[PDB]
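For reference, the structure is listed below as structure tokens.
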Amino acid sequence: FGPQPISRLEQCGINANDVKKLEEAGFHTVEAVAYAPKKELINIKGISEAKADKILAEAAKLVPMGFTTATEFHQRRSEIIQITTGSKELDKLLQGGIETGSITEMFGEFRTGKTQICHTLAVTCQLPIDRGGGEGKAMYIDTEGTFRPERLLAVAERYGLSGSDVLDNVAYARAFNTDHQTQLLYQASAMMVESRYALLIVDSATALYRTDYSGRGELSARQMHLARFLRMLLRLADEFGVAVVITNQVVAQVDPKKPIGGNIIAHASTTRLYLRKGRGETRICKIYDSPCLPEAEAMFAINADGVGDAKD
Amino acid sequence: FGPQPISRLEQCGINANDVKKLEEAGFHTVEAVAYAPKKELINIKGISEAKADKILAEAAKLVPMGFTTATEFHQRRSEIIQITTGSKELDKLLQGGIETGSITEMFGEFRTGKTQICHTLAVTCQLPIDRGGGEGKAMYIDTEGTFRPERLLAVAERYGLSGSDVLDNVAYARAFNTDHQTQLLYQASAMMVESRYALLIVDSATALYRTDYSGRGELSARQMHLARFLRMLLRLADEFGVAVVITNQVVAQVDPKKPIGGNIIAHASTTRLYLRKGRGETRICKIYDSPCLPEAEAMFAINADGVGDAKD
Amino acid sequence: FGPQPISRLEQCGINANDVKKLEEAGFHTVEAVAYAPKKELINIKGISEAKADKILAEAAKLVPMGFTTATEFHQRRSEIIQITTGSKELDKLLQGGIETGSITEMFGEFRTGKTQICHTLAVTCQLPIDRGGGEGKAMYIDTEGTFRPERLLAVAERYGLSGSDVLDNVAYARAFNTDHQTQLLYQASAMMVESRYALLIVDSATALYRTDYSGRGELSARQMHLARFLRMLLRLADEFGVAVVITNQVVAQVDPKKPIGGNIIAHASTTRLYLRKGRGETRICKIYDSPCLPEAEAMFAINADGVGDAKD
């Protein structure tokens, strides 16, 4: 119950114009109103002197304390609920599972079923707190259309959940245009408002971008636009405190495997887990740096009833 | 009857310029108009402020719902009609046949008659819904010119269909230039508009590319151009919801068999089935990962009257 | 005990208005009152004739001597207490550690754990003068939220300090808006007044700026605003004489690795150490020019209990 009910603010010019400001593309949550810069406050059809101060001062979501709260975060950070891999080995290498309030990626190759791996968690997300789940509704928002509800139905059987219930609990977009990607997120923001939505697979986030822009070296701007989309996801992170696990594509360096797709503005915070497919049905997935464990490795195999333990 | 009749939109500036926008290289289907990014909307001689908003807003093909429709896809995906191999074994390994609305490939070697195997389905495509067919007219658009209508005529006899009718139902291009490949697709788009065309063998799609470009290491750009062509095929996928089965060439790794021809931008979604020719007349064809079955194998032999069952 | 107790000035119009002038956004320390330009003195709601003269003349913090004190600085500069790296090698390359009364930066790539490296010192800062510490409370004020108190707790074990005490000693902000960055600093200024706060990791200082402004070439002004923020940090430097270590992001030059993020107005004063990650767990960090040693290099590896020595 993170959000301070969108425009919880009673006043500070809450009369129609401010409500229209929220009713605009502008994010509606308390956090959004508060987090925003003045550029953005004066971005769209509101009176800059009065509005900014009023809105900014008014929220006092604190926000202000900022550099306050020395090792109080330790009392908090501990409380952050960390999701469940479904390989015992996987979870050990994750050291507490894939985590909410971080944008966490996977550096996959071809054939490596990272598509497959991601779709699986989107089921565990549904499970109770004590069974390693987030007891929330769930975003997989796919740009390849790598989406098989059929495979997800198998996961239900494995983890003892009512099929039709589980499928109804998480919801999905094919969204082709590079601009559409940006667009989609804003309405998620709206969708996030209405109930507790828990964990999110944009998949792959890079893939719609790979092509359909990147005509050689008019790329300065490509990488600019990704930023915007990437910052928004971090905005989405703070707002609702939802897990964002975003899928990448490695693209060869021919001077093997490769760097994760499109390089530099994939920023430090987004914690990144790379999958490298191996002997027989087994596949191996070895965390590149996050803060977690400074590094580490570990295999596992995809199983008809979900990505699981190295057992045959 | 997927397409919303090209420019179904009555207005939103439909006056001559918009019609000329569609009458341009720009795709004409409702989906095309809607799917496109603004880069592309502002790609060619239209006024960016007015046009984009008008066209984009107007379509409302929804499009917008995107992350909506939680396990509603299950009600839909089920309805997707999945084509017929003609080896009972083949179909069992396919677990419902080669599927429409996906770009599905085959990783063939030399002598492996994958050329042959592909031409066969292009007949079953013609068959009624209940006999495993798609009741659609059909694209084989070959760059090797590996095209024998004679062999296809044999398939008719096997599957009890009127010869001259069947041959008239599917149609073919030799198209030599790497640029011609891209070009050809756009007019298909036009050809797709005019009637229900069902399943498509571009064959081999890589082969015209293999040479006639790839002068060593000015390949960054080779792999770029393939992308464009590959994205367009996925665009063609959404548009008409037609099966795209694209044929590859294996190319040795001398460090056996081999990786499918030109590597990385062959993307996860395109589901890939590899053929490996074997004892006597028999040949074996063992699905590399798609979502279908996480993996699995199975032989079969080419028979004078089509690719068939392992029976002698 | 650098600060002359904010408004140490007994008179010089200290009656209510001057106190309100200090009680304003305007910095409160003796140094702030003194250092300020008249533009800024006449910036906010004071009488320009009387106020300026009174305040300016009154401080006489000397200030005035300026070009005085020929190599007396040598008697002083020597006394400046210089913090402790925790790699013996690191400290040798630093030639006395990361230094207070300078804004010192680190030019990091992805995966290079500079995030990690910075969080570590924020512990040594706590240590006694003789053990290489600053015996002060500490600012890490993070914009990525790259903050793991958990990892910091490990540092305590390594350097034999009471866990809960150490964590209570240093304090942290996630602060998203580009304008918020500027805002946060002013209250630090207030927080700096109240006790001896010793060393400061703004982290990364560039990263909130990377995006969320820099829409192409309305950038002249971006770089202006950074200046302001950067000058304030130098203002903060003189005031309390506290170490400012600010983390950067390298941003590729595609005409490798890269220039530090956002170019020109990163000024000469900020002494800069760039980290370049290497063989296995090891990482190498090779001082770009400051005055220190005109250049030089040196590796080291991250160790579960802190960034440390080349030992296995």
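The way I read the labels, and the way they are meant: chains A, B, ... in the order of the structure tokens, residue 1 as the first residue of every chain, and ligand 1 as the first ligand shown, with later ones counted on from there.
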
So that I can see what lies close to residue 311 of chain A, please list as a PDB file with C-alpha atoms, in the first residue's frame the residues with an atom at most 12 Å from it, counting only C-alpha atoms and leaving out residues fewer than 3 positions away in the same chain.
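Generated output (around.pdb):
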ATOM      1  CA  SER A  87      15.493 -23.620  -8.791  1.00  0.00           C
ATOM      2  CA  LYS A  88      16.897 -24.153  -5.314  1.00  0.00           C
ATOM      3  CA  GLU A  89      20.325 -23.580  -6.895  1.00  0.00           C
ATOM      4  CA  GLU A 281      18.669 -30.058 -21.568  1.00  0.00           C
ATOM      5  CA  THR A 282      20.680 -28.137 -18.891  1.00  0.00           C
ATOM      6  CA  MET A 299      23.553 -24.539 -13.449  1.00  0.00           C
ATOM      7  CA  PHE A 300      19.976 -25.828 -13.730  1.00  0.00           C
ATOM      8  CA  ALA A 301      17.725 -27.209 -16.465  1.00  0.00           C
ATOM      9  CA  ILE A 302      14.425 -26.205 -18.033  1.00  0.00           C
ATOM     10  CA  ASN A 303      11.750 -28.924 -17.101  1.00  0.00           C
ATOM     11  CA  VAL A 307      12.803 -24.002 -14.933  1.00  0.00           C
ATOM     12  CA  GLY A 308      14.069 -26.144 -12.060  1.00  0.00           C
TER      13      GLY A 308
END

Contact check, chain C to chain A, at most 8 Å, counting only C-alpha atoms, closest pairs as a tab-separated table:
residue	atom	partner	partner_atom	distance
C:110	CA	A:268	CA	5.9
C:111	CA	A:289	CA	5.5
C:113	CA	A:289	CA	7.5
C:115	CA	A:268	CA	7.6
C:116	CA	A:291	CA	7.0
C:139	CA	A:67	CA	6.8
C:140	CA	A:67	CA	7.4
C:141	CA	A:67	CA	6.0
C:144	CA	A:269	CA	6.0
C:145	CA	A:269	CA	7.0
C:146	CA	A:269	CA	5.5
C:148	CA	A:291	CA	7.1
C:149	CA	A:74	CA	6.5
C:150	CA	A:74	CA	7.7
C:151	CA	A:291	CA	7.7
C:167	CA	A:71	CA	4.9
C:168	CA	A:70	CA	5.3
C:169	CA	A:70	CA	6.9
C:170	CA	A:70	CA	5.6
C:171	CA	A:70	CA	3.6
C:172	CA	A:67	CA	4.2
C:173	CA	A:66	CA	4.0
C:174	CA	A:66	CA	6.4
C:175	CA	A:66	CA	6.7
C:176	CA	A:35	CA	6.2
C:177	CA	A:37	CA	4.8
C:178	CA	A:37	CA	6.4
C:179	CA	A:37	CA	5.8
C:180	CA	A:37	CA	7.1
C:184	CA	A:66	CA	7.3
C:188	CA	A:67	CA	7.4
C:211	CA	A:227	CA	6.1
C:212	CA	A:228	CA	7.1
C:215	CA	A:224	CA	7.5
C:216	CA	A:221	CA	7.4
C:251	CA	A:264	CA	6.6
C:252	CA	A:264	CA	7.0
C:281	CA	A:295	CA	7.7
C:302	CA	A:294	CA	7.3
C:303	CA	A:294	CA	7.8
C:304	CA	A:294	CA	6.7

Give me every alpha helix (DSSP H) residue in segment 170-237 of chain C, going by DSSP on the backbone, as a PyMOL selection string. chain C and resi 178-194+207-210+220-237

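Nearest to residue 246 of chain C of all the residues C:207, C:127, C:57, C:9 is C:207, counting only C-alpha atoms.
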
Could you work out how far atom CA of residue 189 of chain C lies from atom CA of residue 79 of chain C, giving the answer in Å with one decimal?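 Computing it gives 23.8 Å between the two atoms.
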
Pairwise distance, atom CA of residue 163 of chain C with atom CA of residue 201 of chain C, equals 19.8 Å

To test your reading of the structure, identify every residue in segment 115-291 of chain B that backbone DSSP assigns to strand (DSSP E), and report it as a short mmCIF file (atom, residue, chain, number, x, y, z; two decimals) with N, CA, C and O atoms, in the first residue's frame.
data_model
loop_
_atom_site.label_atom_id
_atom_site.label_comp_id
_atom_site.auth_asym_id
_atom_site.auth_seq_id
_atom_site.Cartn_x
_atom_site.Cartn_y
_atom_site.Cartn_z
N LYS B 137 -4.54 -19.09 -50.35
CA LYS B 137 -3.61 -19.00 -51.47
C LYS B 137 -2.17 -18.74 -50.91
O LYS B 137 -2.03 -18.26 -49.79
N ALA B 138 -1.09 -19.10 -51.63
CA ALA B 138 0.24 -19.18 -50.97
C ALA B 138 1.58 -18.76 -51.68
O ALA B 138 1.98 -19.24 -52.75
N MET B 139 2.30 -18.00 -50.86
CA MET B 139 3.57 -17.41 -51.16
C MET B 139 4.74 -18.45 -51.11
O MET B 139 5.12 -18.75 -50.02
N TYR B 140 5.32 -19.02 -52.20
CA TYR B 140 6.74 -19.46 -51.97
C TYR B 140 7.56 -18.49 -52.81
O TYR B 140 7.23 -18.24 -53.95
N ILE B 141 8.55 -17.86 -52.21
CA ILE B 141 9.21 -16.77 -52.84
C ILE B 141 10.63 -17.16 -52.64
O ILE B 141 11.14 -16.86 -51.57
N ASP B 142 11.26 -17.79 -53.65
CA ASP B 142 12.51 -18.56 -53.55
C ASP B 142 13.71 -17.77 -54.08
O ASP B 142 13.59 -17.14 -55.13
N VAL B 170 -1.20 -21.21 -55.27
CA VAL B 170 0.11 -20.63 -54.66
C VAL B 170 1.10 -20.06 -55.70
O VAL B 170 1.18 -20.65 -56.77
N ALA B 171 1.87 -18.99 -55.41
CA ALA B 171 2.60 -18.26 -56.53
C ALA B 171 4.09 -17.82 -56.30
O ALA B 171 4.36 -17.45 -55.18
N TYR B 172 5.02 -17.79 -57.31
CA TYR B 172 6.48 -17.67 -56.96
C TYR B 172 7.48 -16.78 -57.63
O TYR B 172 7.59 -16.79 -58.83
N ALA B 173 8.36 -16.20 -56.82
CA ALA B 173 9.46 -15.30 -57.22
C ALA B 173 10.85 -15.87 -57.15
O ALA B 173 11.30 -16.21 -56.08
N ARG B 174 11.58 -15.88 -58.25
CA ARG B 174 13.04 -15.78 -58.12
C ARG B 174 13.39 -14.28 -57.97
O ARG B 174 12.90 -13.46 -58.75
N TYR B 197 -4.35 -14.81 -48.29
CA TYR B 197 -3.17 -15.59 -48.58
C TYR B 197 -2.79 -16.20 -47.16
O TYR B 197 -2.96 -15.54 -46.11
N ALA B 198 -2.39 -17.47 -47.14
CA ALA B 198 -2.39 -18.28 -45.90
C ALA B 198 -1.01 -18.61 -45.31
O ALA B 198 -0.75 -18.34 -44.13
N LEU B 199 -0.14 -19.23 -46.11
CA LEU B 199 1.20 -19.62 -45.65
C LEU B 199 2.29 -19.47 -46.70
O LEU B 199 2.07 -19.65 -47.90
N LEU B 200 3.49 -19.22 -46.20
CA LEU B 200 4.48 -18.53 -46.99
C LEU B 200 5.88 -19.18 -46.89
O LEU B 200 6.44 -19.38 -45.84
N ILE B 201 6.45 -19.58 -48.00
CA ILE B 201 7.75 -20.10 -47.86
C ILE B 201 8.58 -19.07 -48.51
O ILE B 201 8.59 -19.03 -49.72
N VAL B 202 9.23 -18.21 -47.76
CA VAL B 202 10.39 -17.54 -48.35
C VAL B 202 11.39 -18.65 -48.19
O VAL B 202 11.21 -19.41 -47.26
N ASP B 203 12.30 -18.84 -49.14
CA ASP B 203 13.22 -20.06 -49.26
C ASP B 203 14.43 -19.77 -50.14
O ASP B 203 14.28 -19.20 -51.17
N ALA B 243 1.15 -17.56 -41.73
CA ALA B 243 2.35 -18.39 -41.50
C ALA B 243 3.52 -17.93 -42.40
O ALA B 243 3.31 -17.76 -43.61
N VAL B 244 4.70 -17.71 -41.79
CA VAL B 244 5.97 -17.38 -42.47
C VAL B 244 6.87 -18.56 -42.06
O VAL B 244 7.17 -18.70 -40.87
N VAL B 245 7.18 -19.48 -42.99
CA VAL B 245 8.23 -20.49 -42.77
C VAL B 245 9.43 -20.10 -43.68
O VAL B 245 9.29 -20.14 -44.88
N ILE B 246 10.57 -19.66 -43.10
CA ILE B 246 11.75 -19.08 -43.77
C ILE B 246 12.87 -20.12 -43.71
O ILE B 246 13.17 -20.58 -42.62
N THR B 247 13.49 -20.52 -44.84
CA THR B 247 14.53 -21.62 -44.83
C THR B 247 16.01 -21.12 -44.57
O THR B 247 16.42 -20.17 -45.23
N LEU B 275 16.83 -30.01 -39.89
CA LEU B 275 16.82 -31.34 -40.54
C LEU B 275 18.26 -31.95 -40.78
O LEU B 275 19.12 -31.23 -41.29
N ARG B 276 18.53 -33.23 -40.38
CA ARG B 276 19.89 -33.93 -40.42
C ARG B 276 19.99 -35.30 -41.14
O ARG B 276 19.89 -36.32 -40.46
N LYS B 277 20.26 -35.32 -42.45
CA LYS B 277 20.01 -36.49 -43.34
C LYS B 277 20.91 -37.69 -43.13
O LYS B 277 22.12 -37.55 -43.00
N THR B 282 15.88 -42.21 -45.76
CA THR B 282 15.46 -41.47 -44.53
C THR B 282 16.32 -40.24 -44.13
O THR B 282 17.49 -40.14 -44.47
N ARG B 283 15.69 -39.31 -43.43
CA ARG B 283 16.25 -38.04 -43.02
C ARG B 283 15.69 -37.78 -41.57
O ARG B 283 14.64 -38.30 -41.28
N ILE B 284 16.39 -37.12 -40.64
CA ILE B 284 15.85 -36.97 -39.23
C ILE B 284 15.66 -35.48 -38.86
O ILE B 284 16.60 -34.78 -39.15
N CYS B 285 14.56 -34.99 -38.24
CA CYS B 285 14.41 -33.49 -38.06
C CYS B 285 14.06 -32.93 -36.67
O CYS B 285 12.92 -32.84 -36.33
#
